[PDB]
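See below for run.cif, which holds mmCIF, C-alpha atoms and all ligand atoms.
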```
data_upload
#
loop_
_atom_site.group_PDB
_atom_site.id
_atom_site.type_symbol
_atom_site.label_atom_id
_atom_site.label_comp_id
_atom_site.auth_asym_id
_atom_site.auth_seq_id
_atom_site.Cartn_x
_atom_site.Cartn_y
_atom_site.Cartn_z
ATOM 1 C CA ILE P 1 92.329 48.058 110.628
ATOM 2 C CA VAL P 2 96.129 47.802 110.322
ATOM 3 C CA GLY P 3 97.634 48.286 106.812
ATOM 4 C CA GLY P 4 94.276 49.478 105.400
ATOM 5 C CA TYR P 5 93.266 52.743 103.628
ATOM 6 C CA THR P 6 90.609 55.410 104.136
ATOM 7 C CA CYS P 7 87.400 54.082 102.622
ATOM 8 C CA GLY P 8 85.966 57.468 101.646
ATOM 9 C CA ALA P 9 82.776 58.853 103.290
ATOM 10 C CA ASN P 10 79.731 56.604 102.880
ATOM 11 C CA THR P 11 81.426 54.163 100.415
ATOM 12 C CA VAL P 12 80.511 51.312 102.803
ATOM 13 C CA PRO P 13 76.807 52.104 103.400
ATOM 14 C CA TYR P 14 75.980 48.947 105.463
ATOM 15 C CA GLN P 15 78.761 49.615 108.076
ATOM 16 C CA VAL P 16 77.426 50.645 111.516
ATOM 17 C CA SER P 17 79.295 51.809 114.696
ATOM 18 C CA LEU P 18 77.932 50.414 118.011
ATOM 19 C CA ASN P 19 78.188 53.249 120.555
ATOM 20 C CA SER P 20 77.735 53.280 124.427
ATOM 21 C CA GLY P 21 79.200 56.818 124.908
ATOM 22 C CA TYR P 22 82.182 55.856 122.662
ATOM 23 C CA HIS P 23 82.637 53.527 119.643
ATOM 24 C CA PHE P 24 83.181 49.949 120.900
ATOM 25 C CA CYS P 25 82.316 47.545 117.944
ATOM 26 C CA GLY P 26 81.226 47.536 114.283
ATOM 27 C CA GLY P 27 78.179 45.830 112.755
ATOM 28 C CA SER P 28 76.370 45.364 109.404
ATOM 29 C CA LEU P 29 72.856 46.638 108.465
ATOM 30 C CA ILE P 30 70.991 43.677 106.848
ATOM 31 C CA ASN P 31 67.474 45.300 106.607
ATOM 32 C CA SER P 32 65.989 48.627 107.830
ATOM 33 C CA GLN P 33 65.501 47.348 111.401
ATOM 34 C CA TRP P 34 68.148 44.654 111.950
ATOM 35 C CA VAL P 35 71.976 44.727 112.341
ATOM 36 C CA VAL P 36 74.322 41.712 112.668
ATOM 37 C CA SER P 37 77.470 42.000 114.865
ATOM 38 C CA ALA P 38 79.403 39.676 117.162
ATOM 39 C CA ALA P 39 78.068 38.141 120.332
ATOM 40 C CA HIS P 40 81.200 39.259 122.218
ATOM 41 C CA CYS P 41 80.169 42.937 121.424
ATOM 42 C CA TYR P 42 77.019 42.524 123.518
ATOM 43 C CA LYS P 43 76.170 45.016 126.315
ATOM 44 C CA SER P 44 73.111 46.962 127.287
ATOM 45 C CA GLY P 45 72.816 50.645 126.393
ATOM 46 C CA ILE P 46 73.699 50.359 122.691
ATOM 47 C CA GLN P 47 72.965 53.143 120.235
ATOM 48 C CA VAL P 48 73.498 52.122 116.577
ATOM 49 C CA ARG P 49 75.076 54.818 114.447
ATOM 50 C CA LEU P 50 74.429 54.554 110.662
ATOM 51 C CA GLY P 51 75.866 56.800 107.835
ATOM 52 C CA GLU P 52 79.029 57.424 109.783
ATOM 53 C CA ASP P 53 82.440 58.253 108.457
ATOM 54 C CA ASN P 54 84.152 60.471 111.067
ATOM 55 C CA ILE P 55 82.787 59.084 114.395
ATOM 56 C CA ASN P 56 83.738 62.161 116.395
ATOM 57 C CA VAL P 57 82.030 64.887 114.219
ATOM 58 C CA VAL P 58 78.332 65.069 113.055
ATOM 59 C CA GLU P 59 78.873 65.914 109.270
ATOM 60 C CA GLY P 60 75.454 64.950 107.921
ATOM 61 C CA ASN P 61 74.012 61.541 106.816
ATOM 62 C CA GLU P 62 74.167 60.079 110.308
ATOM 63 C CA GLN P 63 71.155 58.333 111.858
ATOM 64 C CA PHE P 64 71.492 57.434 115.602
ATOM 65 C CA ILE P 65 68.917 54.810 116.605
ATOM 66 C CA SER P 66 68.759 52.886 119.934
ATOM 67 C CA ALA P 67 68.714 49.085 119.920
ATOM 68 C CA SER P 68 65.275 47.671 120.984
ATOM 69 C CA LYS P 69 66.816 44.154 121.716
ATOM 70 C CA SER P 70 70.054 42.242 121.152
ATOM 71 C CA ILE P 71 69.797 38.406 120.500
ATOM 72 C CA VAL P 72 73.152 36.673 121.129
ATOM 73 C CA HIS P 73 73.273 33.187 119.532
ATOM 74 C CA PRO P 74 72.022 30.673 122.239
ATOM 75 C CA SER P 75 75.094 28.453 121.675
ATOM 76 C CA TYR P 76 77.655 31.291 121.821
ATOM 77 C CA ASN P 77 80.628 30.132 123.993
ATOM 78 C CA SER P 78 82.674 33.060 125.313
ATOM 79 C CA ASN P 79 85.749 30.885 125.870
ATOM 80 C CA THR P 80 86.124 29.506 122.316
ATOM 81 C CA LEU P 81 84.087 32.305 120.611
ATOM 82 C CA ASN P 82 82.252 29.616 118.665
ATOM 83 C CA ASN P 83 78.838 30.966 117.344
ATOM 84 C CA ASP P 84 80.088 34.561 117.789
ATOM 85 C CA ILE P 85 77.069 36.248 116.141
ATOM 86 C CA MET P 86 74.375 38.605 117.564
ATOM 87 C CA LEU P 87 71.358 40.304 115.918
ATOM 88 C CA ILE P 88 70.254 43.775 117.232
ATOM 89 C CA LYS P 89 66.728 44.974 116.407
ATOM 90 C CA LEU P 90 66.537 48.814 116.087
ATOM 91 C CA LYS P 91 63.860 50.867 117.988
ATOM 92 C CA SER P 92 62.690 52.405 114.617
ATOM 93 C CA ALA P 93 63.586 51.481 111.075
ATOM 94 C CA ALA P 94 66.459 53.352 109.418
ATOM 95 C CA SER P 95 65.767 55.501 106.319
ATOM 96 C CA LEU P 96 67.706 53.708 103.625
ATOM 97 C CA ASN P 97 69.222 55.783 100.847
ATOM 98 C CA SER P 98 72.568 55.574 99.001
ATOM 99 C CA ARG P 99 74.572 56.384 102.178
ATOM 100 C CA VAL P 100 72.730 53.897 104.430
ATOM 101 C CA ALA P 101 71.963 50.611 102.727
ATOM 102 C CA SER P 102 71.695 46.959 103.793
ATOM 103 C CA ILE P 103 74.055 44.171 102.563
ATOM 104 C CA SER P 104 72.763 40.779 101.364
ATOM 105 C CA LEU P 105 73.245 37.543 103.218
ATOM 106 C CA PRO P 106 75.029 34.818 101.143
ATOM 107 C CA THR P 107 73.421 31.852 99.417
ATOM 108 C CA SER P 108 76.644 29.852 99.510
ATOM 109 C CA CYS P 109 79.854 29.974 101.508
ATOM 110 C CA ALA P 110 82.901 31.584 99.852
ATOM 111 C CA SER P 111 85.999 29.659 98.930
ATOM 112 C CA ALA P 112 89.562 30.329 99.925
ATOM 113 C CA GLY P 113 91.114 32.818 97.572
ATOM 114 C CA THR P 114 87.969 34.904 97.446
ATOM 115 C CA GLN P 115 89.012 38.616 97.981
ATOM 116 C CA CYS P 116 86.803 40.455 100.561
ATOM 117 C CA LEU P 117 86.520 43.991 101.982
ATOM 118 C CA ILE P 118 86.831 44.380 105.785
ATOM 119 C CA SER P 119 86.146 47.867 107.296
ATOM 120 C CA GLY P 120 86.055 49.480 110.747
ATOM 121 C CA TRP P 121 87.230 52.218 113.153
ATOM 122 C CA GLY P 122 89.402 49.826 115.123
ATOM 123 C CA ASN P 123 93.068 50.195 115.995
ATOM 124 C CA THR P 124 95.490 50.884 113.087
ATOM 125 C CA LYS P 125 98.741 49.872 114.955
ATOM 126 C CA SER P 126 99.763 46.277 115.709
ATOM 127 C CA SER P 127 101.841 47.477 118.705
ATOM 128 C CA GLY P 128 99.991 50.301 120.600
ATOM 129 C CA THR P 129 96.589 51.970 120.144
ATOM 130 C CA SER P 130 95.901 54.568 117.422
ATOM 131 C CA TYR P 131 92.181 54.676 116.665
ATOM 132 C CA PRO P 132 91.125 56.619 113.567
ATOM 133 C CA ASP P 133 88.346 59.178 113.198
ATOM 134 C CA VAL P 134 87.290 57.902 109.746
ATOM 135 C CA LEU P 135 86.418 54.471 108.433
ATOM 136 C CA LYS P 136 89.311 52.325 107.195
ATOM 137 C CA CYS P 137 89.164 49.557 104.639
ATOM 138 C CA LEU P 138 91.219 46.503 103.888
ATOM 139 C CA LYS P 139 90.894 44.019 101.018
ATOM 140 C CA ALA P 140 91.887 40.501 102.228
ATOM 141 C CA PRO P 141 91.512 36.960 100.860
ATOM 142 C CA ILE P 142 89.851 34.058 102.681
ATOM 143 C CA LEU P 143 92.583 31.482 103.486
ATOM 144 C CA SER P 144 92.373 27.688 103.032
ATOM 145 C CA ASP P 145 91.251 25.676 106.005
ATOM 146 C CA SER P 146 94.689 23.971 106.318
ATOM 147 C CA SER P 147 96.539 27.292 106.707
ATOM 148 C CA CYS P 148 93.899 28.469 109.221
ATOM 149 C CA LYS P 149 94.073 25.302 111.340
ATOM 150 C CA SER P 150 97.841 25.220 111.074
ATOM 151 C CA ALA P 151 97.903 28.817 112.409
ATOM 152 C CA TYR P 152 95.461 28.245 115.347
ATOM 153 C CA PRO P 153 95.656 24.458 116.007
ATOM 154 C CA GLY P 154 92.603 23.185 117.917
ATOM 155 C CA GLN P 155 90.953 26.621 118.039
ATOM 156 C CA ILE P 156 89.081 26.785 114.739
ATOM 157 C CA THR P 157 85.542 25.343 114.605
ATOM 158 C CA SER P 158 83.542 24.931 111.387
ATOM 159 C CA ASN P 159 81.828 28.248 112.155
ATOM 160 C CA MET P 160 85.081 30.190 111.660
ATOM 161 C CA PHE P 161 87.313 31.012 108.657
ATOM 162 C CA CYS P 162 90.628 32.872 108.458
ATOM 163 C CA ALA P 163 91.166 35.815 106.048
ATOM 164 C CA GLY P 164 94.311 37.928 105.902
ATOM 165 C CA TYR P 165 97.977 37.831 105.189
ATOM 166 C CA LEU P 166 100.418 35.389 106.765
ATOM 167 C CA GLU P 167 103.290 37.777 106.110
ATOM 168 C CA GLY P 168 101.640 40.220 108.584
ATOM 169 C CA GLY P 169 101.124 44.027 108.210
ATOM 170 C CA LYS P 170 97.474 44.055 107.175
ATOM 171 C CA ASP P 171 94.615 42.762 109.399
ATOM 172 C CA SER P 172 91.533 43.832 111.408
ATOM 173 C CA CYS P 173 92.186 44.667 115.126
ATOM 174 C CA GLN P 174 90.379 45.705 118.354
ATOM 175 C CA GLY P 175 87.521 48.153 117.653
ATOM 176 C CA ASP P 176 86.783 46.288 114.382
ATOM 177 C CA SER P 177 84.945 43.385 116.148
ATOM 178 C CA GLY P 178 81.356 42.836 114.973
ATOM 179 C CA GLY P 179 82.056 44.328 111.627
ATOM 180 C CA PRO P 180 81.692 43.098 108.068
ATOM 181 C CA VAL P 181 83.829 40.924 105.812
ATOM 182 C CA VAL P 182 81.942 41.376 102.379
ATOM 183 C CA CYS P 183 82.882 39.252 99.378
ATOM 184 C CA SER P 184 81.217 39.644 95.961
ATOM 185 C CA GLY P 185 78.445 41.805 97.530
ATOM 186 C CA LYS P 186 77.441 39.305 100.224
ATOM 187 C CA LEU P 187 78.123 39.411 103.991
ATOM 188 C CA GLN P 188 80.403 36.305 104.477
ATOM 189 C CA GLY P 189 82.165 37.085 107.782
ATOM 190 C CA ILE P 190 81.961 39.062 111.062
ATOM 191 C CA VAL P 191 85.246 40.300 112.616
ATOM 192 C CA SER P 192 85.702 37.968 115.649
ATOM 193 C CA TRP P 193 89.280 37.409 116.944
ATOM 194 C CA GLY P 194 92.978 36.921 116.181
ATOM 195 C CA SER P 195 96.310 36.793 118.184
ATOM 196 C CA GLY P 196 97.444 40.374 118.321
ATOM 197 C CA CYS P 197 97.027 42.356 115.139
ATOM 198 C CA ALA P 198 98.806 41.981 111.813
ATOM 199 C CA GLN P 199 101.381 39.557 113.278
ATOM 200 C CA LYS P 200 103.136 37.152 110.907
ATOM 201 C CA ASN P 201 101.404 33.791 110.607
ATOM 202 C CA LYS P 202 98.486 34.906 112.872
ATOM 203 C CA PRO P 203 95.665 35.757 110.424
ATOM 204 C CA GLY P 204 92.264 37.176 111.548
ATOM 205 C CA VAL P 205 89.515 34.733 112.447
ATOM 206 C CA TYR P 206 85.931 35.505 111.421
ATOM 207 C CA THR P 207 82.447 34.102 112.092
ATOM 208 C CA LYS P 208 81.332 32.109 108.967
ATOM 209 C CA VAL P 209 77.947 33.785 108.340
ATOM 210 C CA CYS P 210 76.805 31.287 105.598
ATOM 211 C CA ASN P 211 76.285 28.741 108.454
ATOM 212 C CA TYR P 212 73.772 31.081 110.171
ATOM 213 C CA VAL P 213 71.532 32.290 107.389
ATOM 214 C CA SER P 214 68.592 29.989 108.249
ATOM 215 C CA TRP P 215 68.982 31.063 112.001
ATOM 216 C CA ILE P 216 69.105 34.777 111.078
ATOM 217 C CA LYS P 217 65.979 34.415 108.885
ATOM 218 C CA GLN P 218 64.011 32.331 111.453
ATOM 219 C CA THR P 219 64.972 34.607 114.347
ATOM 220 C CA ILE P 220 64.087 37.891 112.520
ATOM 221 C CA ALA P 221 60.849 36.266 111.358
ATOM 222 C CA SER P 222 59.779 35.492 114.947
ATOM 223 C CA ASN P 223 60.885 38.862 116.576
HETATM 224 N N1 LIG G 301 93.728 40.067 114.704
HETATM 225 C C1 LIG G 301 92.444 40.266 114.506
HETATM 226 N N2 LIG G 301 91.894 40.043 113.334
HETATM 227 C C2 LIG G 301 91.661 40.727 115.571
HETATM 228 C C3 LIG G 301 90.293 41.039 115.392
HETATM 229 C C4 LIG G 301 89.521 41.507 116.457
HETATM 230 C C5 LIG G 301 90.143 41.653 117.682
HETATM 231 N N3 LIG G 301 89.729 42.054 118.835
HETATM 232 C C6 LIG G 301 90.746 41.991 119.646
HETATM 233 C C7 LIG G 301 90.591 42.365 120.973
HETATM 234 N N4 LIG G 301 89.355 42.590 121.387
HETATM 235 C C8 LIG G 301 89.079 42.950 122.624
HETATM 236 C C9 LIG G 301 90.097 43.109 123.561
HETATM 237 C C10 LIG G 301 91.408 42.880 123.174
HETATM 238 C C11 LIG G 301 91.674 42.504 121.864
HETATM 239 O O1 LIG G 301 92.993 42.283 121.512
HETATM 240 N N5 LIG G 301 91.864 41.556 119.093
HETATM 241 C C12 LIG G 301 91.451 41.357 117.871
HETATM 242 C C13 LIG G 301 92.239 40.894 116.844
HETATM 243 CA CA CA G 302 80.260 61.655 112.087
#
```

If you convert what's in this file into structure tokens, what do you get?
Ligand SMILES: NC(=[NH2+])c1ccc2[nH]c(-c3ncccc3[O-])nc2c1
Ligand SMILES: [Ca+2]
Amino acid sequence: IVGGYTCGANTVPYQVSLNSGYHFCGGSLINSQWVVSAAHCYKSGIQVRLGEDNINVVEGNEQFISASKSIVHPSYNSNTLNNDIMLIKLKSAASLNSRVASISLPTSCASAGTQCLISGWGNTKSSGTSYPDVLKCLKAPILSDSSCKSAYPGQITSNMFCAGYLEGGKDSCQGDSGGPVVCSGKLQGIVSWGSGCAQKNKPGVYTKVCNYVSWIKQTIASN
């Protein structure tokens, strides 16, 4: 997260860290056994880490659970990143409490101007790598579709939305992928891509979760 602030331990209880011997992507807990992240974060050997704040120290509240299966959207295209969503089923359910909690899926899409909270342990520099030990937060608005398409002409599909600041300085970055964009208490976006980090006129692009709620429900129901 570039231009963000320290969230505070366990203030974002649905945030998860996907670990394969090191933190590689973020994710969101939507029920005690399922997590939603990005299809480009897929790999085998994933351990889901819940209740985390400092990813390099065990401080208490952490629950490490292995993934039983990862379901990448069948129409995910790795070249355009269209349908960049993946569901991970956990080997055992998580114990939910005030530090580990699920986030609700939306009933409607959000409109431009809506302010959202993006969080993650991704890079905090737009030029160079500085990865933090604790969770960072950033409040960003969803942008209008014209500003998004004017920023990435021909690269935005209807399953993507831009959120961020065109003046630059604040944005999500590498390491944040798969993580949550929460607006009014609902999961509305998944950190997907962007051109560099916090660059002027290059806002972050996110998976538009409201278009996948029926798919998420049907898939969890049959797995
Ligand atoms: N500007 C953004 N909102 C953004 C978000 C996620 C990213 N992930 C990456 C990224 N991921 C994997 C390898 C290289 C990258 O620059 N860049 C990213 C940029
Ligand atoms: Ca820790």

Practice task
Specify as a PyMOL selection string each residue included when the PyMOL selection byres (((not hetatm)) within 8 of (chain G and resi 301)) is applied to this file.
Solution key: chain P and resi 171-177+191-199+202-206

Problem - Which residue of P:118, P:134, P:93, P:57 approaches ligand CA 302 (chain G) most closely, using all atoms listed in the file - result: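 Going through P:118, P:134, P:93, P:57 one by one, the smallest distance to ligand CA 302 (chain G) is for P:57.
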
Considering all atoms listed in the file, tabulate each residue of chain P that lies at most 10 Å from ligand CA 302 (chain G) along with its nearest interatomic pair and the corresponding distance in Å to one decimal; arrange the rows by chain and ascending residue number and present them as JSON lines.
```
{"residue": "P:9", "atom": "CA", "partner": "G:CA302", "partner_atom": "CA", "distance": 9.6}
{"residue": "P:49", "atom": "CA", "partner": "G:CA302", "partner_atom": "CA", "distance": 8.9}
{"residue": "P:50", "atom": "CA", "partner": "G:CA302", "partner_atom": "CA", "distance": 9.3}
{"residue": "P:51", "atom": "CA", "partner": "G:CA302", "partner_atom": "CA", "distance": 7.8}
{"residue": "P:52", "atom": "CA", "partner": "G:CA302", "partner_atom": "CA", "distance": 5.0}
{"residue": "P:53", "atom": "CA", "partner": "G:CA302", "partner_atom": "CA", "distance": 5.4}
{"residue": "P:54", "atom": "CA", "partner": "G:CA302", "partner_atom": "CA", "distance": 4.2}
{"residue": "P:55", "atom": "CA", "partner": "G:CA302", "partner_atom": "CA", "distance": 4.3}
{"residue": "P:56", "atom": "CA", "partner": "G:CA302", "partner_atom": "CA", "distance": 5.6}
{"residue": "P:57", "atom": "CA", "partner": "G:CA302", "partner_atom": "CA", "distance": 4.3}
{"residue": "P:58", "atom": "CA", "partner": "G:CA302", "partner_atom": "CA", "distance": 4.0}
{"residue": "P:59", "atom": "CA", "partner": "G:CA302", "partner_atom": "CA", "distance": 5.3}
{"residue": "P:60", "atom": "CA", "partner": "G:CA302", "partner_atom": "CA", "distance": 7.2}
{"residue": "P:61", "atom": "CA", "partner": "G:CA302", "partner_atom": "CA", "distance": 8.2}
{"residue": "P:62", "atom": "CA", "partner": "G:CA302", "partner_atom": "CA", "distance": 6.5}
{"residue": "P:63", "atom": "CA", "partner": "G:CA302", "partner_atom": "CA", "distance": 9.7}
{"residue": "P:133", "atom": "CA", "partner": "G:CA302", "partner_atom": "CA", "distance": 8.5}
{"residue": "P:134", "atom": "CA", "partner": "G:CA302", "partner_atom": "CA", "distance": 8.3}
```

Exercise for the section: Evaluate the PyMOL selection byres (((chain P and resi 135) around 12) and not hetatm) here and jot the selected residues down as a ChimeraX atom specification. Expected result: /P:1-2,4-13,15-17,23,26,51-56,118-124,131-134,136-138,175-176,179

Exercise for the section: Determine the nearest neighbour of residue P:209 from the options P:151, P:166, P:67, P:160, counting only C-alpha atoms. Expected result: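 When distances to residue P:209 are compared using only C-alpha atoms, the smallest one comes from P:160.
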
Exercise for the section: Give me, please, the distance in Å between atom CA of residue P:211 and atom CA of residue P:101, quoted to one decimal. Expected result: 23.0 Å

Practice task
Just the residues within 9 Å of stretch 182-190 of chain P, please, counting only C-alpha atoms, with nothing from its chain fewer than 2 positions along; format it as a PyMOL selection string.
Solution key: chain P and resi 27-28+30+36-38+84-85+103-110+114-118+160-161+177-180+192+205-210

Write a file of the just-selected residues containing C-alpha atoms, as a compact mmCIF listing (two decimals), in the coordinates of the input.
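Wrote it out as result09.txt, contents follow:
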```
# COMPACT_ATOMS: atom_id res chain seq x y z
CA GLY P 27 78.18 45.83 112.76
CA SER P 28 76.37 45.36 109.40
CA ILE P 30 70.99 43.68 106.85
CA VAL P 36 74.32 41.71 112.67
CA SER P 37 77.47 42.00 114.86
CA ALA P 38 79.40 39.68 117.16
CA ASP P 84 80.09 34.56 117.79
CA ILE P 85 77.07 36.25 116.14
CA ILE P 103 74.06 44.17 102.56
CA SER P 104 72.76 40.78 101.36
CA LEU P 105 73.24 37.54 103.22
CA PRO P 106 75.03 34.82 101.14
CA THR P 107 73.42 31.85 99.42
CA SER P 108 76.64 29.85 99.51
CA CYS P 109 79.85 29.97 101.51
CA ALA P 110 82.90 31.58 99.85
CA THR P 114 87.97 34.90 97.45
CA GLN P 115 89.01 38.62 97.98
CA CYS P 116 86.80 40.46 100.56
CA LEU P 117 86.52 43.99 101.98
CA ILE P 118 86.83 44.38 105.78
CA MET P 160 85.08 30.19 111.66
CA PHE P 161 87.31 31.01 108.66
CA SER P 177 84.94 43.38 116.15
CA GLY P 178 81.36 42.84 114.97
CA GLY P 179 82.06 44.33 111.63
CA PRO P 180 81.69 43.10 108.07
CA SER P 192 85.70 37.97 115.65
CA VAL P 205 89.52 34.73 112.45
CA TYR P 206 85.93 35.51 111.42
CA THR P 207 82.45 34.10 112.09
CA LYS P 208 81.33 32.11 108.97
CA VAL P 209 77.95 33.78 108.34
CA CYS P 210 76.81 31.29 105.60
```

Fill in the blank from the handout: Using all atoms listed in the file, the shortest atom-to-atom distance to residue P:83 among P:22, P:64, P:42, P:212 belongs to P:212

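Checking P:168, P:88, P:113, P:65 one by one against residue P:126, counting all atoms listed in the file, you find the shortest gap at P:168.
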
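Proximity ranking of P:130, P:79, P:20, P:201 relative to residue P:163 places P:201 first, based on all atoms listed in the file.
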
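Put simply, atom CA of residue P:167 is 12.0 Å away from atom CA of residue P:3.
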
Practice task
Name the closest residue to residue P:156 among the candidates P:81, P:72, P:29, P:220; distances are taken between atoms, counting only C-alpha atoms.
Solution key: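 Selected residue with least distance to residue P:156: P:81.
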
Problem - Atomic separation - atom CA of residue P:86 relative to atom CA of residue P:41, Å - result: 8.2 Å

Problem - Residues in the PyMOL selection byres (((chain P and resi 219) around 12) and not hetatm), expressed as a ChimeraX atom specification - result: /P:34,36,70-74,86-89,212-218,220-223
